[PDB]
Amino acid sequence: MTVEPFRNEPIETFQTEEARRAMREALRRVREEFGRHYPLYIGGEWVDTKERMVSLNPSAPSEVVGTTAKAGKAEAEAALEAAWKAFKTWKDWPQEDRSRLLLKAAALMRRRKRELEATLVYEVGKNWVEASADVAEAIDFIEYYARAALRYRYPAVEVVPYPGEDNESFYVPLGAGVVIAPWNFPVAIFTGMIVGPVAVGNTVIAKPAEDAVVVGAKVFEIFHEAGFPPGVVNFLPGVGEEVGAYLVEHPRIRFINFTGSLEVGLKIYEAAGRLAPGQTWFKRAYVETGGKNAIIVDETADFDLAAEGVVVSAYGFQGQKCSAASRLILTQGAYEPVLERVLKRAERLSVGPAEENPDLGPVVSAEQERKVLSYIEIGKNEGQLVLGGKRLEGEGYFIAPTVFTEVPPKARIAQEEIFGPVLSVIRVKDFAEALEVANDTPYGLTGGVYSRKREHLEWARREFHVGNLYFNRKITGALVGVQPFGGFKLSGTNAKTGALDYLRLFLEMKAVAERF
């Protein structure tokens, strides 16, 4: 099967009147459908429950954006039975056939781009460009994994020949597994975590994050329209731990793909290491568990370029990203000039309802608001608050861009992941000290350096211990194919999304010899 070489889906900037009109049409369509109820999707059919879950607009939380069915253990067991039944034949599809199905799903998703973007705007508080980036990344995962799976097709393995025998090694998929998806990229990461395993012949039960169940259901409408056979993909919105715990601990769950907090990721990895009664394999658990990502700037940098990249990295999607710059490490020569520029830029950021395309929407929920404001209270005790640090007026969960300065490297706000619009600025003497401070966290996801000094950049290339490092640009928005995405240390298992190596995680290898 031959398609165009992979290109990333263009992220809409909405600079043309047509693009803006198309977005306004989509927003209107989406809000007109706020009354909709979305069931579970199990074994090729939409399956409703008596209990329901409600999704709220975090920019106006008295407004409901939709409701969904709510799965429990029994629905979890039913999806597991459907997923294994499906696996029996889905594993046997030619890779070309599986990859074409993915390419169909991508095309369907591309045609519904604005609708999904508008759903992100209303359901999770993404501004328009954050929304467009999220949907473009989802399309990219589908496009990329569809192609990358072909690189593993029967029989892919390079082996040494032997006289008088055929020796053939090849990959096969693992089985049925569970995906536990985050709310912050509930199209992109939700989609990538499902379609990667699915591309190469696995089957998946997906649990969306509670805050993003409506957009996950809309992704499943796309899967259903594309024609995935019954049981290949399954959708189980649920409240709290019930569904996730039941499946993670199940003797018949083959693998777990998780993106979310370190707290939950640790529990998952530990549970995966245990043999449940009657289990007959060693579970694979892939976890991406957040970061405490720093940007270093030294005295040689373009200070204006740095301040722009820092503000984008710190406050894009309200800093609710595993890749967000939450630390700003400035050498002595860079300290005042860069801090001054960041403050002047950050003070001009708009905050408001996401549908108006502000620089910042609200944080995602009342619980998130609580967590972020709690950390602000801690930061006031630990460093010097110099911008923001408060809730803004409106029912929506609006928090001001916040900056603490003179923060000790080992302070709680310089160590713990806040996941909100809070930047901690750490002053150091020189680049050596900057690198020490950068590395001295439990995390290792993203990181950045602004500097013109080649020796410093190349030193960072070798020694700034993060899985995704960026020089003289923002540290967020890793593109599928371009920047394999995944971290070190307590940022997770280094399962690199948007890379050829990702699909290998969902395969095992068989070696078959025939002596003639």
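Sequential numbering from 1, following the sequence displayed.
Peer 1: Comparing average C-alpha B factors as deposited, tell me which of 140-148 and 78-86 sits higher.
Peer 2: Here the higher of the two C-alpha B-factor means belongs to 78-86.
Peer 1: Look over 451-459 and 31-39 in the entry and identify the one with the greater average Cα temperature factor.
Peer 2: It is 31-39.
Peer 1: Say you rank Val466, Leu479, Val54, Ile475 by Cα B-factor from the PDB entry; which sits at the top?
Peer 2: Highest CA B-factor of the listed options: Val54.
Peer 1: Taking the Cα B-factors listed in the entry, which of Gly227, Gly379, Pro362, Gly201 comes out highest?
Peer 2: Spelled out: the listed residue with the top C-alpha B-factor is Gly379.
Peer 1: Using only modelled residues of the chain, where does the Cα B factor of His250 rank: lowest third, middle third or highest third?
Peer 2: For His250, whose C-alpha B-factor we compare with every modelled residue in the chain, the answer is the middle third.
Peer 1: Compare the C-alpha B factor of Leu373 with those of the other modelled residues in its chain, then answer lowest, middle or highest third.
Peer 2: It falls in the top third of the chain.
Peer 1: Going by what the PDB entry lists, where does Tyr171 fall on CA B-factor within its chain: lowest, middle or highest third?
Peer 2: As the PDB entry reports it, the C-alpha B-factor of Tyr171 lands in the lowest third of its chain.
Peer 1: According to the PDB entry, is the CA B factor of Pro277 in the bottom, middle or top third of its chain, that is, lowest, middle or highest?
Peer 2: Its C-alpha B-factor, which the entry lists for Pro277, ranks in the highest third among residues of this chain.
Peer 1: For the chain shown, is the CA B-factor of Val3 in the lowest, middle or highest third of its modelled residues?
Peer 2: According to the entry, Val3 has a C-alpha B-factor in the chain's middle third.
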